[PDB]
Amino acid sequence: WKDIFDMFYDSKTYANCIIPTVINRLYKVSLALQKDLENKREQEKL
């Protein structure tokens, strides 16, 4: 798979191209899901 990437979808620019892609998810589906849920957790008791 690394060769799959690096053949021509390579240089990490393609990765850095895709890096934007689902950076939404980290808060679109992950950090909105959690730190809003952990702003509960972390402040749930203490």
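Structure determination for the deposited model, as stated in its record, used cryo-EM, and the stated resolution is 7.10 Å.

The protein carries the name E3 ubiquitin-protein ligase TOM1 in the PDB entry, which gives Saccharomyces cerevisiae as its organism.

**Quick look at unusual backbone geometry**
Although it is not a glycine, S11 adopts a positive phi angle of roughly 70 degrees. Even without a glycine there, the phi angle at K12 is positive, about 65 degrees.

**A look at a nonpolar patch on the surface**
A grouping of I19, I23, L26, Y27 and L31 is seen on the molecular surface, where their side chains present a nonpolar patch of about 440 Å² in accessible area. Top element by residues in the nonpolar patch is helix α3 (residues 25-44). It accounts for three residues. Relative to the helices and strands, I19 resides in helix α2 (residues 13-21).

**Details of the pattern of salt bridges**
In the structure shown here, the tally under the stated rule is four salt bridges. Residue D6 pairs with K2 through a salt bridge whose shortest N-O separation is 2.3 Å. Placement of both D6 and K2 in helix α1 (residues 2-8) is noted, with a separation of four residues, approximately one turn of the helix. The partner of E38 in a salt bridge is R41, and the shortest N-O contact between them spans 2.1 Å. Of this pair, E38 and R41 both sit in helix α3, three residues apart, roughly one helical turn. Its relative accessible area of 17% is what places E38 among the buried residues.

**Focus: α3**
Along its 20 residues, α3 runs just 24 Å from first to last C-alpha, ending more than 12% under the 28 Å computed at 1.5 Å per residue. Where α3 bends most, the angle comes to about 60 degrees, and this point is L31.

What counts, and where the lines are drawn
Residues numbered from 1 in each chain as written, not as in the entry; some residues may be left out. Part of a larger assembly, values for the part shown. Heavy atoms only, no water. Patch = residues over 30% accessible without salt bridge, like charges linked within 9 Å, V, L, I, M, F, W, Y side chains within 5 Å. Areas by Shrake-Rupley, 256 points an atom, 1.4 Å probe, with all protein chains shown as cover. Salt bridge = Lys/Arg side-chain N within 4 Å of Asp/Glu carboxyl O. Helix = DSSP H or I, 4+ residues; strand = E, 2+ residues; numbered from the N terminus. Buried < 20%, exposed > 50% of the residue type's maximum accessible area, 1.4 Å probe, protein only. Expected span 1.5 Å × (residues − 1). Bend = angle between axes of the 7 residues up to and from the residue.

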